[PDB]
Amino acid sequence: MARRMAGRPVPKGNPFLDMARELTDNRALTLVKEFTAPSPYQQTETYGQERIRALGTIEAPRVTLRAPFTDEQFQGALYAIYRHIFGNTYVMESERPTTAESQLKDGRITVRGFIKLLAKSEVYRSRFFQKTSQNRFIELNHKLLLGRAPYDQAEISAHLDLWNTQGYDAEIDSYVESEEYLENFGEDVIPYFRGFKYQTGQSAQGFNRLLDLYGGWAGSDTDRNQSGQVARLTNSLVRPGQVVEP
Amino acid sequence: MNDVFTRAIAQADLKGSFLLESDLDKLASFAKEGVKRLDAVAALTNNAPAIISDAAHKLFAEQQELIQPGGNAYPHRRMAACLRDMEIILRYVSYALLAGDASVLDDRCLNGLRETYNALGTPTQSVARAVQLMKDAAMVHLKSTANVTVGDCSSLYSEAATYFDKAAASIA
Amino acid sequence: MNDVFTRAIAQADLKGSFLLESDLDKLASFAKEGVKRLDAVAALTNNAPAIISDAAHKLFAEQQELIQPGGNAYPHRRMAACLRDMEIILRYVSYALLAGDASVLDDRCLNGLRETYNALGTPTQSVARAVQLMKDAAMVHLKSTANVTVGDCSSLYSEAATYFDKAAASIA
Amino acid sequence: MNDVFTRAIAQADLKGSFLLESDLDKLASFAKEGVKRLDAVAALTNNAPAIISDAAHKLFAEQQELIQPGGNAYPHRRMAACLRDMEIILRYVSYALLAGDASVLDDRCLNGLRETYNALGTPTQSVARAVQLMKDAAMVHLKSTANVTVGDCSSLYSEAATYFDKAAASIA
Amino acid sequence: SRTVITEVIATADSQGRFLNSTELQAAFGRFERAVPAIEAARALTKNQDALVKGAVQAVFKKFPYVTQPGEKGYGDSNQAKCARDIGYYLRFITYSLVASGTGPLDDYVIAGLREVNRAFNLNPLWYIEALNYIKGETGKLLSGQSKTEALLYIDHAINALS
Amino acid sequence: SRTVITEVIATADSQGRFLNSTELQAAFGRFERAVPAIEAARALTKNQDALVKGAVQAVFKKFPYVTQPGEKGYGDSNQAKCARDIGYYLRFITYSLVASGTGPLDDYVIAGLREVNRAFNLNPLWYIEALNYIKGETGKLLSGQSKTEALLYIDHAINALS
Ligand SMILES: CCC1=C(C)/C(=C/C2=NC(=C\c3[nH]c(/C=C4/NC(=O)[C@H](C)[C@H]4CC)c(C)c3CCC(=O)O)/C(CCC(=O)O)=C2C)NC1=O
Ligand SMILES: CCC1=C(C)/C(=C/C2=NC(=C\c3[nH]c(/C=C4\NC(=O)[C@H](C)[C@H]4CC)c(C)c3CCC(=O)O)/C(CCC(=O)O)=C2C)NC1=O
Ligand SMILES: CCC1=C(C)/C(=C/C2=NC(=C\c3[nH]c(/C=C4\NC(=O)[C@H](C)[C@H]4CC)c(C)c3CCC(=O)O)/C(CCC(=O)O)=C2C)NC1=O
Ligand SMILES: CCC1=C(C)/C(=C/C2=NC(=C\c3[nH]c(/C=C4\NC(=O)[C@H](C)[C@H]4CC)c(C)c3CCC(=O)O)/C(CCC(=O)O)=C2C)NC1=O
Ligand SMILES: CCC1=C(C)/C(=C/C2=NC(=C\c3[nH]c(/C=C4\NC(=O)[C@H](C)[C@H]4CC)c(C)c3CCC(=O)O)/C(CCC(=O)O)=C2C)NC1=O
Ligand SMILES: CCC1=C(C)/C(=C/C2=NC(=C\c3[nH]c(/C=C4\NC(=O)[C@H](C)[C@H]4CC)c(C)c3CCC(=O)O)/C(CCC(=O)O)=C2C)NC1=O
Ligand SMILES: CCC1=C(C)/C(=C/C2=NC(=C\c3[nH]c(/C=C4\NC(=O)[C@H](C)[C@H]4CC)c(C)c3CCC(=O)O)/C(CCC(=O)O)=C2C)NC1=O
Ligand SMILES: CCC1=C(C)/C(=C/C2=NC(=C\c3[nH]c(/C=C4\NC(=O)[C@H](C)[C@H]4CC)c(C)c3CCC(=O)O)/C(CCC(=O)O)=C2C)NC1=O
Ligand SMILES: CCC1=C(C)/C(=C/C2=NC(=C\c3[nH]c(/C=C4\NC(=O)[C@H](C)[C@H]4CC)c(C)c3CCC(=O)O)/C(CCC(=O)O)=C2C)NC1=O
Ligand SMILES: CCC1=C(C)/C(=C/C2=NC(=C\c3[nH]c(/C=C4\NC(=O)[C@H](C)[C@H]4CC)c(C)c3CCC(=O)O)/C(CCC(=O)O)=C2C)NC1=O
Ligand SMILES: CCC1=C(C)/C(=C/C2=NC(=C\c3[nH]c(/C=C4\NC(=O)[C@H](C)[C@H]4CC)c(C)c3CCC(=O)O)/C(CCC(=O)O)=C2C)NC1=O
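Residues numbered from 1 in each chain as written, not as in the entry; some residues may be left out. Chains lettered and ligands numbered in written order. Part of a larger assembly, values for the part shown. Heavy atoms only, no water.

Per the PDB record, the structure was determined using cryo-EM to 3.07 Å resolution.

Going by the PDB entry, chain B carries the name CpcB and comes from Anthocerotibacter panamensis.

Going by the PDB entry, chain A carries the name CpcN and comes from Anthocerotibacter panamensis.

Undergrad: Would you explain the overall build of chain B in this entry?
TA: Check the secondary structure of chain B and you find 10 helices and 0 strands. Listed by position from the N terminus, the elements making up chain B come as α-α-α-α-α-α-α-α-α-α. Taking all 172 residues of chain B together, the buried fraction comes to 50%. Considering only intrachain contacts with a sequence separation of at least 6, the fraction spanning at least 24 residues in chain B is 73%. About 8,100 Å² of surface is accessible on chain B, with carbon and sulfur atoms providing 58% of the total. One way to put it: in chain B the 17 positive side-chain charges average out to a point 5 Å from where the 20 negative ones average out. (Helix = DSSP H or I, 4+ residues; strand = E, 2+ residues; numbered from the N terminus. Buried < 20%, exposed > 50% of the residue type's maximum accessible area, 1.4 Å probe, protein only. Contact = heavy atoms within 4.5 Å. Areas by Shrake-Rupley, 256 points an atom, 1.4 Å probe, with all protein chains shown as cover. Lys, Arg positive; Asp, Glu negative; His and termini not counted. Charge placed at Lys NZ, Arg CZ, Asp CG, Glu CD.)

Undergrad: What should I look at first to understand the site of ligand 3 in this one?
TA: Residue and element names in this part refer to chain A. The full set of residues close to ligand 3 is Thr-99, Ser-102, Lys-105, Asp-106 and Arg-108. Note that an oxygen atom of ligand 3 is positioned 2.6 Å from one of the side-chain N or O atoms of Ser-102. Classifying every residue of the shell around ligand 3 by side-chain character gives no nonpolar, 2 polar and 3 charged. (Near = heavy atom within 4 Å. Polar contact = N/O pair within 3.5 Å; in protein donor to acceptor, adjacent residues only side chain to side chain. Nonpolar A, V, L, I, M, F, W, Y, C, P; charged D, E, K, R; others polar.)

Undergrad: Whenever I open this one, the side chain of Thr-138 of chain E confuses me. Can you help?
TA: With respect to the helices and strands, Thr-138 of chain E occurs in helix 7 (residues 124-141). For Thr-138 of chain E, the contacting residues outside a window of four places in its chain are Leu-44, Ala-150 and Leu-151 of chain E.

Undergrad: Explain the interface of chain E and chain D here, please?
TA: Often the size quoted for an interface is simply the accessible area lost on bringing the parts together. Listed by partner, the interface residues are 7 residues for chain E and 4 residues for chain D. Summing both sides of the interface, chain E and chain D together bury roughly 430 Å²; the carbon and sulfur share of this comes to 37%. Across the chain E-chain D interface, the total number found is 0 salt bridges. One can count 2 residue pairs in polar contact joining chain E with chain D. Of the residues forming the side of chain E that touches chain D, the biggest block, 5 residues, is contributed by helix 8 (residues 145-161) of chain E. (Buried area = accessible area lost by both parts, 1.4 Å probe. Salt bridge = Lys/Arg side-chain N within 4 Å of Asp/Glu carboxyl O.)

Undergrad: Sorry if this is basic, but what is going on with the interface of chain C and chain E here?
TA: Across the contact, 34 residues belong to chain C and 32 residues belong to chain E. Between chain C and chain E lies a buried interface of about 3,000 Å² when both sides are counted; carbon and sulfur atoms form 70% of it. Contact with chain E buries area across many residues of chain C, yet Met-1, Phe-18 and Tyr-95 of chain C alone supply 24% of it, more than any other trio. Residues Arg-42 of chain E and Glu-21 of chain C are paired through a salt bridge, measuring 2.4 Å at the closest nitrogen-oxygen approach. Our count for the contact surface shared by chain C and chain E stands at 13 residue pairs in polar contact. Of all the secondary structure elements, the ones that give two or more residues to the side of chain C that touches chain E are helix 1 (4-14), helix 2 (21-32), helix 3 (34-46), helix 5 (76-99) and helix 6 (103-109) of chain C. Among the elements that make up the side of chain C that touches chain E, the one with the highest residue count is helix 5 of chain C (8 residues). When grouped by side-chain class, the residues that make up the side of chain C that touches chain E number 22 nonpolar, 6 polar and 6 charged.

Undergrad: Help me understand a positive patch on the surface, please; the structure alone is not making it clear to me.
TA: The grouping of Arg-114 and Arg-118 of chain E together with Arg-114 and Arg-118 of chain F at the surface amounts to a positive patch. Mapped by element, the contributors of at least two residues to the positive patch are helix 6 (113-118) of chain E together with helix 6 (113-120) of chain F. Looking at where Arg-114 of chain F falls in the secondary structure, it is placed in helix 6. (Patch = residues over 30% accessible without salt bridge, like charges linked within 9 Å, V, L, I, M, F, W, Y side chains within 5 Å.)

Undergrad: Is there a simple way to think about the pattern of salt bridges in this case?
TA: When their charged atoms lie close together, side chains carrying opposite charge are able to pair. In total, this model carries 47 salt bridges over all chains according to the counting rule given. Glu-23 of chain E is the partner of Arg-17 of chain E in a salt bridge, and the nearest nitrogen-oxygen pair spans 2.3 Å. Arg-17 of chain E sits in the partly exposed class, given a relative accessible area of 22%. Judged by its relative accessible area of 8%, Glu-23 of chain E is buried. With its nearest N and O atoms 3.5 Å apart, the salt bridge here joins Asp-85 of chain F to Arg-84 of chain F. For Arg-84 of chain F, a relative accessible area of 30% gives the class partly exposed.

Undergrad: What should I look at first to understand helix 8 of chain E in this one?
TA: One full turn of an α-helix is made of 3.6 residues, so residues set three or four places apart face in the same direction. When the terminal C-alpha atoms of helix 8 of chain E are compared, their 24 Å separation across 17 residues agrees well with the 24 Å that a helix rising 1.5 Å per residue should span. Inspection of helix 8 of chain E places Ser-146, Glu-149, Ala-150, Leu-151, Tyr-153, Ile-154, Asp-155, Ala-157, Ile-158 and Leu-161 of chain E among the buried residues, and these make up the whole buried set. Among the structural elements, helix 2 (21-62) of chain D together with helix 2 (21-46), helix 4 (76-98), helix 5 (103-110), helix 6 and helix 7 of chain E are those in contact with the buried residues of helix 8 of chain E. (Expected span 1.5 Å × (residues − 1).)

Undergrad: How do you make sense of the packing of aromatic side chains when you look at a structure like this?
TA: One pair of aromatic rings is described through two measures. These are the centre distance and the angle between the planes. Summed over the entire model, instances satisfying the criterion amount to 32 aromatic pairs over all chains. Ring centres of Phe-196 of chain A and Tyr-214 of chain A lie 5.1 Å apart, and the angle between their planes is 85 degrees; on these two criteria the pair is classed as edge-to-face. Pair noted here: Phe-196 of chain A is in the loop between helix 13 (179-184) and helix 14 (206-214) and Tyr-214 of chain A is in helix 14, with a separation of 18 residues, a long-range link. No difference in accessibility class separates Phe-196 of chain A from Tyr-214 of chain A, as the two residues are buried. Aromatic side chains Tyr-74 of chain B and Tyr-88 of chain E sit 5.3 Å apart centroid to centroid with 85 degrees between the ring planes, which places their arrangement in the edge-to-face category. Of the two residues, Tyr-74 of chain B sits in the loop between helix 5 (64-67) and helix 6 (78-99) while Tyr-88 of chain E sits in helix 4, which places them in two different chains. Classification of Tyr-88 of chain E by relative accessible area gives buried; the value is 11%. An aromatic cluster of at least three residues, connected via ring pairs, comprises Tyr-74 of chain D together with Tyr-88, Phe-92, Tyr-95 and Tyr-108 of chain F. A cation sits over an aromatic face here: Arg-62 of chain A above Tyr-192 of chain A, 4.2 Å from the ring centre. Taking the ring centre of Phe-92 of chain E as reference, the NZ or CZ of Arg-91 of chain E above it sits at 5.2 Å. (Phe/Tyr/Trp six-rings, centres within 6.5 Å; stacked < 30°, edge-to-face > 60°. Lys NZ or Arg CZ within 6 Å of the ring centre and 35° of its normal.)

Undergrad: Just checking my understanding: could you explain the site of ligand 1 for this structure?
TA: Inspection of the region around ligand 1 gives 22 residues, with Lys-72, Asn-78, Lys-81, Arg-84 and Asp-85 of chain F positioned closest. Between ligand 1 and the protein, one listed contact pairs an oxygen atom with a backbone N or O atom of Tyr-74 of chain D at 3.5 Å. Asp-85 of chain F is positioned with one of its side-chain polar atoms (N or O) 2.8 Å from a nitrogen atom of ligand 1. Calculation on ligand 1 without its partners gives an accessible area of 890 Å², and the protein chains cover 91% of this total. At 9 residues, the largest contribution of residues to the shell around ligand 1 is made by helix 4 (residues 76-99) of chain F. Along the lines of polarity and charge, the residues of the shell around ligand 1 split into 15 nonpolar, 3 polar and 4 charged.

Undergrad: What's the story with empty space enclosed by the protein in this structure? I'm lost.
TA: In this approach a probe as big as a water molecule rolls over the atoms, and the regions it shows empty are the leftover space. For the structure shown, the criterion picks out 5 cavities of 30 Å³ or more. Computed from the structure, the largest cavity encloses a volume of approximately 500 Å³. Of all elements in the fold, only helix 5 (55-59), helix 6 (72-85) and helix 10 (134-146) of chain A together with helix 1 (4-14) of chain E reach the threshold of two or more residues within the lining of the largest cavity. Roughly 60 Å³ of internal volume is contained in the second largest cavity. Around the second largest cavity, the lining residues are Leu-44, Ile-86, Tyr-89, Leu-90, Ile-93, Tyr-127, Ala-130, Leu-131, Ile-134 and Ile-154 of chain F. Elements that contribute at least two residues to the lining of the second largest cavity include exactly helix 4 and helix 7 (124-141) of chain F. Taken together, the residues of the lining of the second largest cavity sort by class into 10 nonpolar, no polar and no charged. (1 Å grid on protein atoms, 1.4 Å probe; cavity = no way out; pocket = protein on both sides within 12 Å on 5 of 7 lines; lining within 4 Å. Points joined across faces, edges and corners; volume = space filled by probe spheres on them.)

Undergrad: So what exactly am I meant to see when it comes to the nonpolar core here?
TA: A general tendency of soluble globular proteins is for nonpolar side chains to be buried together. Judged by nonpolar contacts, the single largest core of 173 residues is most densely connected at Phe-114, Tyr-124 and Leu-145 of chain A. Per-element tally for this core: the top contributor is helix 4 of chain E, with 12 residues. Not counting residues up to four positions away in its chain, the partners in contact with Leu-145 of chain A are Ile-85, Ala-119, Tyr-124, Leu-140, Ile-172, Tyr-175, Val-176, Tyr-181, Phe-185 and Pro-191 of chain A. (Core = buried A, V, L, I, M, F, W, Y, C linked by side-chain atoms within 4.5 Å.)

Undergrad: Looking at this structure, I do not really get a nonpolar patch on the surface. What am I missing?
TA: On the surface, a cluster of nonpolar side chains totalling about 320 Å² of accessible area is made up of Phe-16, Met-19 and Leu-23 of chain A. Here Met-19 of chain A shows up in helix 2 (residues 17-24).

Undergrad: I'm lost on the arrangement of the chains in this one. Help?
TA: Among the 11 pairs of chains that make contact, the interface with the largest number of contacts is formed by chains C and E. Across all C-alpha pairs, the smallest distance from chain B to chain D is 23 Å, and the two are not in contact. At the C-alpha level, the nearest point of chain A lies 11 Å from chain F, with no contact between them.

Undergrad: Please clarify how the environment of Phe-30 of chain C should be interpreted in this entry.
TA: Here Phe-30 of chain C is to be found in helix 2. Sequence separation between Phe-30 of chain C and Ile-51 of chain C is 21 residues, and the spatial gap between their C-alpha atoms is 27 Å. Setting aside residues no more than four positions away along its own chain, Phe-30 of chain C makes contact with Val-4, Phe-5, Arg-37, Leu-98, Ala-99 and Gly-100 of chain C together with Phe-31 of chain E.

Laid out in structure tokens, this is it:
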């Protein structure tokens, strides 16, 4: 009697009963377990950053130098500037410009002016300009002074024409005095590798080009290589997608 | 980048000849029907957050695997990166729609996204799926004859579909 | 970069779970051995010039060819490179000893160092020998019980030694 | 920048002597009671947004013209900047409280803030009243013995009050 | 991440110097305090389910309209997804207790929190109330200094949301 | 402010040369679209009270809980400042209509929107649905080019809120 009170008989043999049980019995808890299970391909928070070489560069803090800097803010600023601007190249104590540092310490020139002077120094020339073609010089200028790889061939054409017509000093001033440098860094911020994140207006290829230019936290833009500091992006810039074999 | 006019000009220049009557007529027709193109681009720009929201909802319902911990779009930052990528691709498709040529799309936007996503480890196939989801969610807004003069815009629907499909096929 | 805590946390997040009881025990034990590790770091950092100079003396007495004209340490410039490379490696090994996790080495110190030394013509075998020599010279300073309370630290000696061998094998 | 310890060190250096045992006693007393100072500054940091929202509500309740068109904080952007300013100065007051010295606040900004607000047309006495309101809102949370160990902290109240008072006066 | 150890190592590396005594003092303090923070982490991990469920219920109580049909909170999936989100937050609070710094919180939750919440119409006030409830209950669970460290991290997350 | 001719002047002053043909004709298009712009601004202007009251009541209708006591929406002063807020949005939409550019909008409301909203816990949904009500009303008040152009600024502010 009690069994029949339950309801009218349902025909036996439904193939959907296994799905009915899953849908019915605590769908919320099963849903939570489904949600919080691990994914098939395990990726940590910094998986992309470590598959790229530049994990540590992104994690690196931004450095700023305002007017009433006491001592070690200045000492750290100098090391950060010399490490980034000179492309992680070794700078011996003889080559270090003491007068520019004195001007910076007094505050006559901002950090941006000091960067400009370093770019016009003899170390910057002797390493990046005098030993490389103009393409490599433009790429190094972009990567160091602006923190990003070149976006297209128009940049190379414009900068090569500007150099040939107005000199190295004007070539460098076009970088530092540009609106882009003042937007991203401004006067008081040491430049950093900002191309690893998406930069407003960048090309699809800029990230890949900066990857080509980076070469690890250890690696540097010496010109002491057996190759002799040749350019890296000669064919990537003018023919972005395609590959050719002569 | 090029619009349609600049592309026709470049081809006429490579042939070293003036613009023919036929090409002038095609460009005049494009100009006369460019008003509907403006409306289509306005539809894309006014409803961008809605398109992204629909695409992301349907993608992560379709693929619980991404948002799921350990997956790609999990850590609550990579999710914002995903939404930003949807933003960028939709923006570039809108640019290519206004221009009339896919030059902005395949030049500024998607030359290296294949290898960028392979380097960052993201699954490009899910990105292409997301792009075509954006296509579907955008067509309903593009067709919407609400508050807009009724006409025929089959060519514009085809153009927008082709641009979204080009983006998906390139990134895939 | 990752210490042992962040390493365990990353694994736990990958599993999409909290930290197991055993893992909490391990991390509490690690933090209990914190003062031993701090003295080891102090021994490395305080005696850094001594370790570097001793290792340099032994290295160049071993390989007299490096300092010959035409060798890869000849002028003062690349000899300063010698000393400063060794300083950086000791720095990063002390870092990894403090953090307990060798991640700082792999991320920063040894990131592109193979490619650098292969492009520069630097004999990587000599750099590996220099780092192993640095190991042998720094174990003396870690084992120095003067001015510290005595206590067994074989785990810390093994940790520093394996970091030095990691650096060597990643260079060699 | 300076704190109480470095202030004492600098004055001793200026007189050129070794540190006096009396000044050593004051510095030891400061270090003993500095645990209370940590609770104070942690209260400030934790309650910061509530404190600044309280300050804004009280100001715009007592003062009206800053709302209406033509008022200094009228446009939505300008009052966003107003909130930014008040939270910034609260942050610097937290710095001063932690350090025990006013230098890091005064020498950093207060020399030029007065003239900046004068040139900008910002009513400075209103900014001082905002500082006073935010000071009382902070005092509400700083007298709060709840959820912490119980003790006497009137001297820390006096120091926080004098920091806020000095900032308000220097803006004026 | 951003622990005490990792922040120390990064700031020393940026300046290109070894670790002098100040960073070792900070590391010593961190190692000394690891015990209370790990105690708080184990207490939170023990009372995991209760905290999650109470937080969800508190959110519903302060936000009744969210339970109305045809709306964001209604639905078994959205209940489960609320539970999942609060579980994520509590997980990362325990992570920050263990790492003795707001490393995991900043890395996972806070980084990009604002625009993803905007792009999903998730009111931050819901999670603010959930974290307020977790703070209230961990007041009961934890006594002494583990309480202080926990409350620091919950309050940091609350500040990030607010 | 950044209006069409203002964009022309600003972009040209960056380079040495004067205003060449393209920006002259862009200013042209702006001028011959000004007449619809100004008359649609008049149409949207003649209805301050009706539009603001209707949008206020629509917001209260879709979100009835704010009108309940203990919520930030409850209060005669709160309703009055709701009215002034919607009047502000309306006047700045009118400004943008006259200026043929979103200049006044981005200057007054968009600039520093989210910070203020989080400061006073105001919800962008309230204002976005009020703007949707204005969408509806302008659907009748305006015809053709006037209607489309005004709807552009209205839903641009809508996107800004979202
Ligand atoms: C430049 C243009 C401009 C905008 C956009 C603006 C928005 C705005 N609304 C505010 C207050 C407010 N406004 C509201 C109204 C909200 N609650 C109601 O129910 C509605 C749903 C909703 C309005 C649509 C409320 C509740 C407050 C909180 C202040 C209080 O507690 O009395 C405030 C803080 C100070 C004040 O006005 O009292 C701003 C800045 N103010 C401006 O000057
Ligand atoms: C102008 C054209 C252009 C685009 C579009 C572009 C995309 C781009 N995506 C990136 C990362 C990313 N992109 C995504 C999104 C993908 N992964 C998920 O599976 C989603 C399904 C999918 C989105 C549809 C994610 C999750 C990351 C983070 C990868 C990581 O951190 O490991 C990055 C690295 C910078 C950053 O993380 O913010 C870029 C530059 N770059 C460009 O120059
Ligand atoms: C462009 C050429 C140039 C000049 C003219 C120059 C002077 C000069 N001396 C300075 C500091 C100083 N200069 C001196 C030297 C003077 N004080 C003592 O009485 C000495 C007897 C006397 C030496 C003639 C001292 C002691 C300081 C340190 C002041 C301080 O740190 O507060 C500073 C500020 C920080 C610095 O640059 O180191 C400048 C600019 N520096 C330059 O690069
Ligand atoms: C400082 C060392 C250095 C030099 C000199 C150099 C040459 C150089 N020639 C270029 C293009 C060019 N080069 C040439 C010249 C050739 N094509 C003609 O048929 C002639 C037969 C022939 C000249 C006798 C032309 C016509 C272009 C333009 C191609 C273009 O703009 O795409 C470019 C790239 C775009 C540009 O600069 O405008 C470079 C960089 N690169 C360097 O790093
Ligand atoms: C600044 C922003 C702006 C835009 C975008 C704009 C577009 C625009 N659309 C127009 C009418 C129109 N708009 C459309 C397009 C629509 N009809 C179809 O059914 C589709 C549903 C839809 C496009 C997908 C069509 C077909 C016309 C009539 C012209 C024709 O016969 O093709 C007109 C002529 C007069 C008018 O109705 O306003 C303009 C100027 N005007 C502007 O000031
Ligand atoms: C090509 C440029 C160049 C120079 C100039 C140069 C000098 C030089 N001499 C050195 C060693 C040395 N040099 C000396 C010479 C000093 N003690 C003597 O009694 C004199 C008082 C004095 C010489 C005037 C000594 C004793 C050492 C061994 C130091 C040691 O191993 O502890 C070293 C360290 C590495 C080595 O040679 O073992 C250098 C770099 N090396 C170079 O590659
Ligand atoms: C991640 C931190 C970091 C590391 C690890 C590092 C290693 C490093 N060593 C370098 C140069 C060098 N390093 C060495 C050192 C080795 N040669 C062997 O014979 C000796 C065993 C040993 C000498 C101490 C030498 C010889 C050079 C070549 C310098 C030159 O040729 O001008 C360079 C290239 C600098 C340049 O191009 O001027 C790097 C990047 N740099 C860094 O920023
Ligand atoms: C901020 C700078 C700083 C440091 C670095 C520091 C180290 C330090 N060493 C300690 C004891 C100790 N120190 C050591 C380490 C040494 N013992 C020898 O046997 C080993 C050769 C060597 C380690 C490789 C050991 C083993 C203990 C006792 C702990 C134990 O046995 O478990 C203690 C605990 C208090 C004590 O019992 O003396 C500290 C805090 N204190 C500081 O304020
Ligand atoms: C980090 C240290 C620092 C401080 C302290 C600082 C103050 C400061 N506040 C400013 C703007 C402002 N400041 C205020 C606030 C005032 N007006 C009223 O609302 C209130 C009575 C009162 C605040 C309680 C306002 C409304 C503006 C906007 C005026 C404008 O942008 O022209 C400006 C002009 C530049 C700008 O911020 O856009 C400065 C320099 N700047 C700094 O870099
Ligand atoms: C993780 C960061 C951190 C914090 C926050 C911290 C606070 C802290 N507060 C303490 C006690 C205390 N805390 C306070 C401060 C509070 N008492 C009330 O009466 C005042 C209203 C209020 C001041 C705002 C006082 C007065 C004591 C007692 C100190 C004594 O015994 O003299 C103690 C001693 C041990 C204990 O009580 O368990 C610590 C460590 N320590 C830390 O490492
Ligand atoms: C790494 C850490 C992490 C966090 C913090 C996180 C939060 C988070 N919750 C989400 C979904 C959601 N979250 C909520 C909010 C909850 N549901 C309601 O019951 C409550 C009222 C409320 C909490 C109190 C809702 C309703 C959704 C569904 C959104 C939708 O699909 O439309 C989403 C969108 C992804 C998806 O569609 O599944 C994120 C990113 N995700 C993460 O990976």
